[PDB]
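Student: Sequence first, structure after; it's an experimental one.
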Amino acid sequence: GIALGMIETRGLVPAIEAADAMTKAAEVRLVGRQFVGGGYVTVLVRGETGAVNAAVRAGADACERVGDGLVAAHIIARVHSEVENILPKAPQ
Amino acid sequence: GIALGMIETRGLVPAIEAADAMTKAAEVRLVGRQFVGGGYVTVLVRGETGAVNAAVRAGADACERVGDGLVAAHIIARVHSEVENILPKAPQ
Amino acid sequence: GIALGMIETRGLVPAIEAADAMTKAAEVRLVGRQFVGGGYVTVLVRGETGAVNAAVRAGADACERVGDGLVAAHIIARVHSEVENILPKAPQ
Amino acid sequence: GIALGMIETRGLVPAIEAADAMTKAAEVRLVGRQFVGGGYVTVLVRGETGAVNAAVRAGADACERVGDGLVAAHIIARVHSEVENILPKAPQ
Amino acid sequence: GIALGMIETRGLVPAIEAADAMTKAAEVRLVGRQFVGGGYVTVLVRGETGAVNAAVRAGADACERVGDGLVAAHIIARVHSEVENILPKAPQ
Amino acid sequence: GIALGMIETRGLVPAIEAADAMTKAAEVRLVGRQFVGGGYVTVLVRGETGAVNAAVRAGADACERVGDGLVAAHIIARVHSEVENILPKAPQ
Amino acid sequence: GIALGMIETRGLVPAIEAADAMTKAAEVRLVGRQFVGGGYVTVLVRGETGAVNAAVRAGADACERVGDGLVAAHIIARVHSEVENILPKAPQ
Amino acid sequence: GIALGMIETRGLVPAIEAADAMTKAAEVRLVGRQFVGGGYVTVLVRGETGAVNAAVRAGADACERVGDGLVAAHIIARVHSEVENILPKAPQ
Amino acid sequence: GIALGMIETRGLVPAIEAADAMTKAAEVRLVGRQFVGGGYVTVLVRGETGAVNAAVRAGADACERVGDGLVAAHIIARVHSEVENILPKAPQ
Amino acid sequence: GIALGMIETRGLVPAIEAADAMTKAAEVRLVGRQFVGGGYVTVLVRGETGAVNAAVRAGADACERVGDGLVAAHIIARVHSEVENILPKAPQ
Amino acid sequence: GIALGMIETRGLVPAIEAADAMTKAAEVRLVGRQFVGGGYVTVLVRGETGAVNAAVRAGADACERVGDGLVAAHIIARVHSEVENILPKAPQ
Amino acid sequence: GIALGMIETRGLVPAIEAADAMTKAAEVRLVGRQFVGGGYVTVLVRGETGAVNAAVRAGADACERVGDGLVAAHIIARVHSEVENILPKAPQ
Amino acid sequence: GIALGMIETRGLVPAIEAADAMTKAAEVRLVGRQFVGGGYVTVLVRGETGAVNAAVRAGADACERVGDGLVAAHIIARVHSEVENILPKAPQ
Amino acid sequence: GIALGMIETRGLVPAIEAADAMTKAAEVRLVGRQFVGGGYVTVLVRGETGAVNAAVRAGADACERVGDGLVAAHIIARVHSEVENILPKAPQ
Amino acid sequence: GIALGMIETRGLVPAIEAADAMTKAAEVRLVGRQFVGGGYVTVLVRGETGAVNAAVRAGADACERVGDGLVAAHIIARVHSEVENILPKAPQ
Amino acid sequence: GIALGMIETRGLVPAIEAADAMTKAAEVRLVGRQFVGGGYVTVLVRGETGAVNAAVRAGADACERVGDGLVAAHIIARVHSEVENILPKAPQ
Amino acid sequence: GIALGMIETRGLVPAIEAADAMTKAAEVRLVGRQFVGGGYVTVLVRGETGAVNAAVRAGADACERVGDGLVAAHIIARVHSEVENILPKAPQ
Amino acid sequence: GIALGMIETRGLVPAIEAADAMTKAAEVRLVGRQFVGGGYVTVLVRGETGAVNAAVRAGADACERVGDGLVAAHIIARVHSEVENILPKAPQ
Amino acid sequence: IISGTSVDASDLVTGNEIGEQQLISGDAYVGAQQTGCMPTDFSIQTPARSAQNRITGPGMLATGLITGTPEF
Amino acid sequence: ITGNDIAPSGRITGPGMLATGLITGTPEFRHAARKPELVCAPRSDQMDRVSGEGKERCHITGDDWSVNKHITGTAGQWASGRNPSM
Amino acid sequence: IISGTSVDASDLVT
């Protein structure tokens, strides 16, 4: 995939719900989950632009009422080739 | 063009947005994304002075509304060689 | 692509109009036509999520007034591996 | 030509009458008769566009009176190569 | 991808902005720039239907206030093989 | 066939929509796209008579509201041999 | 025949209509088509004074309501030899 | 013939009639017919001053009510030897 | 002779009139005449700032009420070397 | 440099004024002057980002009240590599 | 001459009157006399469009009150090549 | 061309005009002109169905007010292979 | 051309005006000038019926108010072979 | 020159006054004196256009009140070559 | 040419403007200037009658508001061989 | 210089004041002082166009109120080559 | 040229802006820069009179709001030969 | 680098601060310090347009609170070759 | 007012009458009597200029008919 | 005053319109006879969008990398609208 | 009523 989807949440439990809602919703790959610091967790998905569009909308709707909530839901249809170096390829 | 421009955001989603914007905005190369913690994240870019200025401005505008928002924007045109050691200096 | 598009109709003539419209409008493969019973005919189109969205919307707008009409226009961007078994792989 | 003309009818008798009528009235080849079930039987004819139009018109006028009625008359001038499989590919 | 997204503008400045906005926004390739005449310039991209949908939305918004503005924004999810002859393949 | 469909529009974006519509609706061939001047683009198709009537009613509806609009949509069932000299034989 | 008949129209679709009408209506010779600019197209016929008068009268009615319409319908029974340098000898 | 005479018209049909009336009204020499763009056509004559004045009054009366009309009728009795570079010498 | 005078007019007749007036009124050489599209024509002179300030005043007086008129009367007293590439050379 | 500045105008006289002001203000390079049709003339300059910002600001102020005026002044600090194939390299 | 003029009359005495009137009035060529049936006789002349128009106008007045009278007076400036098979080449 | 088109007229003059309008309105082939007796003349055309429909509407409008008039205008899209014995194949 | 056009005038100045007008208006041939007596002068032109009709109409208006005026303007589409003995073959 | 002045008068005494006046007023050549009949005498001069206008305004005023008077005074700026056969080349 | 153009003025300034406006306007030669006495200066121009008439009107309008004013503006179309002695035949 | 300045005055004293002012106000050369007659003295300077304007304006102000005063003050930025013969080359 | 233009400013920054705006504006040579004391700096330029008028206006507008601003902008078209000694020849 | 950046200060301590702040903020060259008098000191730097922008901004901020302060901060991104004479090449 | 031979058309003169009244810009050879004694915009209208000098496609059709995975 | 005019004309565009009234020694002058306190905005009363060399508190005059509202591109909606966000 | 491409012409068509 080329499109990036991202859901930031306050806490892991909201983020796991978004990762599940997003991956169930459309053909996107969970490429990373990052603990930013201060209780901010980002879930990142890379797929086609249509799937990433549908996925990120599913995640944002799922995690909004879960736990502390959603900080952000963003789609970047094609990141610059430079931003690829700061993007995870596989979750750890 | 060694001018360094840095943008700081709370949370990774804003940071990634900023990164993307800057990299598309002008002749800059992403050097690093650093997790400050407390949820602060910093994305740093390098390039010609004017280019760097424009890039940082564009990134700030874009990232301002995403997530928890812009914390800071700064441009240092001629970093003293000493400063480089703290800078990631490893775009790759 | 894995997104599924589906147009149930009341008759085979609205369904054939829908299959034609969907195929012409977007890059979708016609995977099957099913006689459900009771005069319900389903047309299933598997492609990429944006393509399937375009196909289903074009098909519905086409078969809406032809014949008895449109019963359903649905998109499932990722179907579970279990639902795959019920879906027709190639048209008969 | 490749144009497809279809008439949906309630019942096999109205349909047979309609098919015969279309054929007599134009240069179309009767691709076939398929029973949707729920009482809908649809007759398929393939011909050049104008001929298809005339055939459909004739069949329609004729079978409206016969039986419960003519469910549908639709003309698809061109059939995507993909839509071929759902239509009978068999002259029989 | 074989989708087609196309923006028509009144002048070259709005169109170079649209092309740049679009090729920064999604996975599309700029294939042509046309001077229609009487101050109409059409920029065309070919990609996947999700990418082109994302690209033409961002391109249309970008060029709307640049110069004399936007005349048309239009996505064709599948172009007929016949329109490929009147469609530029690479930008001249 | 030798019938002639011609769709004039105010732009190339309403003309490409019309060409796609016309060349998907019926068995017509796109013989040319001409830039008249003043922002007038003509897409000329050649097919049998019914085919061209269908194609030019499909093109007109499509482009009526794409870009600056549709100026003309005209069928000429037979063209004098004199007029064939002023008509495009291929779209390049 | 030496007489000139000339139909100017706003666009090419009305001009093709007028050229067909003219060539069909009388024994005139389609001698050229000119794209003036600003979306004006001039079709020029050469025949006897009786022929050209008959042709231009028909062409004026044919293309009066095709596309944008008729700008001018004009007949010059004898052109000065100087003017024949700015007249097309054959259509292009 | 050092005098220049010039009629500008909205279209080529008034310009051709003007070229006919100008060249038949006096001993002038038709030297240029220019498409100026935008539907402006300029027929230029070069003859003795009286010849040119007679020619341009005759051209203007001839093309005033032909097509869109006369934009300008203008005589220049002696042209600077530098304006003669931008003047065509033979009608093409 | 480094200054530029420039008269833009709506048509070639007002432009030739301005060119004549400018070249006659002061010591300026006519370097070029450009058709700009849409009916704009531009007559450029090159001379000293006084020769030119006197020519462009004389030229705008000539062509103000000739034809469709004067659009611009501008003087550039010293032309940058880079701008001379986009400027017609004096044989024009 | 890779920044692009583009000043579209209504006529060549407002674009020669804009090109002179741009080239003198900063170290940019006229990379092309374009006639888009309709009267639109675009002046494209390529230099460093600091230079292009200064040049376009000077150009927009200079040509605002010259002739028919300024349509657009627009800077792109870095165009996509596909937007560089529709950009002129040298002025004609 | 290719134009056709045709006078139909009720009886042969009016037709002979019309043929004499026509041949005398202009330079047309009496090309045939046809006994239609039911006491209708058609005289056909071929000449230039000016000649045939002059002839048929005279023949219409000549035979309007000779015998039973005129059924039709008609002029076809150009006959399709198909129609010339059903037209007499020489009178019998 | 298996469709038949037929206009019957009260006289030969309307029949010849009908044959002219029919053969110039579409790609039909004029096959027969019969004197049926009693002042009935039948011109028969054979072409594709759309061509024939266009031809017969054009013939009927052409010969409605010529002479005594139109008795019948009638299209038969497919003729039985037995009715083709009583149909002429070349106009005599 | 065999048609005769003849303009009689009171005097020779109106006759020369009518001969110029006639020869210029159409493709007629000035065939003779005759001094009748009593100050009547007859100019005679020979051309096609369309040409002579166009010429004599122009000559009648040209010489109606030149000198004493027009006595007669007349057109004979075909002259009897007896009359051609009293007609001048060439002007003297 | 080739312009033609012609003065008709009622007598030879008003014609000789006119010839003297005309041939002293401008640089014109007396090409002929013709006795028309009925007491009508025509003095024809040939010069450039302005010369002939001046000469024929000098002749008319002179002879207006000499003898029985002036009938006509007419300039023909260019004469068809046809009319030159009916014109006197020398006055004997 | 032998026509004479004369402009008398009160003073020398008004006659150097008239002499300049004359020779520029039309194809005339300045043959001389004379100080008549009493504050009158006469500028004389020899050309053809058409040229001299343009020149005198130009000179007259040019000097009518310059200085004290214009006294006489006279055109002679042919000068007698004896006035030639009282006229300045000057390289001046 | 090629420009000409001229001040006519009533007497020699206003003229010497004009010459002094003019020749001190800008770089102009006194080329003549001319006693015209009737008490008119004209002073002529030849310089660059800008100098002559500054000079003539200065001379007008100086002599306006000295003696009988100024009659005319005039600038001819470029005298025709022929006006130069009627103009003084050095003062007397 | 010998015209002097003299901008004076409070400080050297305003003066370098004035000098640069005066030199880019017209064909003038910067002949010196003087520090007069008390904050005052005078840039002096020399060239033809119009060159200097266009430079001293460009300079004044440029430096008007830079630093402590403009004190004096003055043009002298010719300076007395004694004032040349108190004027620098070349900048130091 | 050919961009100039000049800071003006009241006193030398603010100027040395500016020189230091400018030279350490960007890759610029201190080209000179000028004692303008009246206690105005100008520091002039030279480098690329981005380096000069950064340097001047740095210098201004730095010197705004050192001593009497900042009078000016200015950039000349392109400097005329004439001004290079009044600009100091090296600090001394 | 110009004295001397006049090239103006007069009632007596015929033949230069055609087209005589036309107003011609610039130097005019004939007198002002037949001739007589601020243009601001192009007088020719264009299809583009006639219309001031949102996204259409297959995503626009079937606004409320389709159900299924939403996108935003 | 007569003849060709080099006199300044408003309609004519270019050098002539410049510096009216700020120029003495003009042909006209003879005929006539017959701001901020601090270059850098207050530190407290402004906060800069981009700090460092991007600061816009000081007013640099000249050709300086700043961009009017007239000029479009690079930042604003051209960086802000590319990617959707909630 | 026939459903399909409509040969019958809508007003716009000419």
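Tutor: Cool, got the structure. Numbers count the residues shown, from 1 in each chain, chains lettered A, B, ... in the order given.
Student: Skip the chain neighbours and tell me the closest residue to the closest residue to chain O within chain A.
Tutor: Per CB to the nearest CB, residue A:80 is where chain A lies closest to chain O, at 64.8 Å. From N, CA and C alone the C-beta is placed, and that goes for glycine too. Counting by CB to CB, 6 or more residues apart in numbering or on different chains, residue B:23 is the residue found nearest to residue A:80 once chain neighbours are left out, at 3.7 Å.
Student: quick one: that neighbour and residue A:83 touch, right?
Tutor: Yes - using CB atoms under 8 Å, residue B:23 is in contact with residue A:83, at 5.7 Å.
Student: sorry, back to before: hmm, residue B:20 and the residue of chain A closest to chain O touching each other?
Tutor: Yes - using CB under 8 Å, residue A:80 makes contact with residue B:20 at a distance of 5.6 Å.
Student: out of those two, which sits in the more crowded spot?
Tutor: For the pair residue A:80 and residue B:20, the greater number of neighbours falls to residue B:20 (29 against 20), based on other CB atoms under 10 Å in any protein chain shown.
Student: Can you classify residue 74 by secondary structure?
Tutor: All of this refers to chain A. Following DSSP: H, G, I helix; E, B strand; the rest coil, residue A:74 is assigned to strand.
Student: what is in contact with residue B:23 and residue A:83 at once?
Tutor: Taking CB atoms under 8 Å, 6 or more residues apart in numbering or on different chains as the criterion, residue B:23 and residue A:83 both touch residue B:30.
Student: Which residue ranges of the chain form strands?
Tutor: Using chain A here. A:3-10, A:28-37, A:40-47, A:70-76 (DSSP state E).
Student: think we crossed wires, I meant chain T
Tutor: Counting by DSSP E, the strands of chain T are T:2-3, T:51-52, T:61-62, T:71-72.
Student: partners of the last one in the sheet?
Tutor: Okay, so that is strand T:71-72. The pairing partners recorded for strand T:71-72 under DSSP bridges are strand J:70-76 (parallel).
Student: Return the distance of the partner strand from the chain's centre.
Tutor: Remark: strand J:70-76 is offset 7 Å from the chain centroid, using CA atoms, centre = their mean, to the nearest Å.
Student: do the same with stretch T:61-73
Tutor: 9 Å.
Student: From chain P, how far off is residue T:68?
Tutor: According to CB to the nearest CB, to the nearest Å, residue T:68 and chain P sit 34 Å apart.
Student: For the closest residue to that residue other than its chain neighbours, the count of nearby residues, please.
Tutor: The shortest distance from residue T:68 to any non-neighbouring residue, by CB to CB, 6+ apart, is to residue J:57 (5.8 Å). For residue J:57, the neighbour count with other CB under 10 Å is 25.
Student: is the lengthiest helix in chain T up against chain P anywhere?
Tutor: The longest helix of chain T (DSSP state H) is helix T:27-33. Yes - Helix T:27-33 lies within reach of chain P by CB under 8 Å from any CB of the partner chain, at T:27, T:30, T:31, T:33.
Student: Isn't the second one up against residue P:61?
Tutor: Looking back up the chat, that one is residue T:30. Yes - the pair residue T:30 / residue P:61 is scored as a contact, 6.3 Å apart, by CB under 8 Å.
Student: So for the two, which sits in the more crowded spot?
Tutor: Just comparing residue T:30 and residue P:61: by other CB under 10 Å the higher neighbour count belongs to residue P:61, 20 against 17.
Student: got the contact list for that one?
Tutor: Applying CB under 8 Å, 6+ apart, the residues contacting residue P:61 are P:21, T:30, T:31, T:33, T:34.
Student: Apply 10 Å and report the result again.
Tutor: The contact partners of residue P:61, by CB atoms under 10 Å, 6 or more residues apart in numbering or on different chains, come to P:17, P:18, P:21, P:25, P:70, P:73, T:1, T:30, T:31, T:33, T:34.
Student: Any part of stretch T:48-65 near chain I?
Tutor: No - using CB under 10 Å from any CB of the partner chain, stretch T:48-65 never reaches chain I; the gap is at least 13.9 Å.
Student: that older thread, now do the shared contacts for residue A:80 and residue B:20.
Tutor: B:30, E:24.
Student: before we move on, back to that, so can I have TSV of the strands of chain T showing distance to residue S:28 and mean neighbour count?
Tutor: Rendered in TSV, the data for those read as follows (distance: least, CB to CB, whole Å; neighbours: other CB atoms under 10 Å in any protein chain shown):
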stretch	distance to residue S:28	mean neighbour count
strand T:2-3	22	23
strand T:51-52	70	20
strand T:61-62	53	24
strand T:71-72	49	23
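Student: export these to TSV and tack on distance to residue I:53?
Tutor: What follows is these, written out as TSV (distance: least, CB to CB, whole Å):
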stretch	distance to residue I:53
strand T:2-3	14
strand T:51-52	47
strand T:61-62	28
strand T:71-72	31
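Student: what kind of secondary structure is the residue most central in space within chain S in?
Tutor: Nearest residue to the geometric centre of chain S (CA atoms, centre = their mean): residue S:43, 2.5 Å. Local secondary structure at residue S:43 is given as coil here, using three-state DSSP.
Student: Okay, it and residue B:72: tell me how far apart.
Tutor: Separation of residue S:43 from residue B:72 (CB to CB, to the nearest Å): 58 Å.
Student: swap in residue A:80?
Tutor: Counting by CB to CB, the gap from residue A:80 to residue B:72 is 21 Å.
Student: go on, residue A:50?
Tutor: Residue A:50 is 35 Å from residue B:72, by CB to CB.
Student: Who has more neighbours out of those two?
Tutor: A direct count of neighbours by other CB under 10 Å for residue A:50 and residue B:72 places residue A:50 higher, at 32 against 13.
Student: Next one: the more buried one from chain L, what distance?
Tutor: 40 Å.
Student: swap in residue T:86?
Tutor: Distance from residue T:86 to chain L, by CB to the nearest CB: 54 Å.
Student: Enumerate every residue touching residue A:66.
Tutor: Contacts of residue A:66 by CB under 10 Å, 6+ apart are A:9, A:11, A:13, A:14, A:15, A:16, A:17, A:18, A:21.
Student: check contacts around residue A:31.
Tutor: Residues in contact with residue A:31 (CB under 10 Å, 6+ apart) are A:1, A:4-5, A:43-47, A:87-91.
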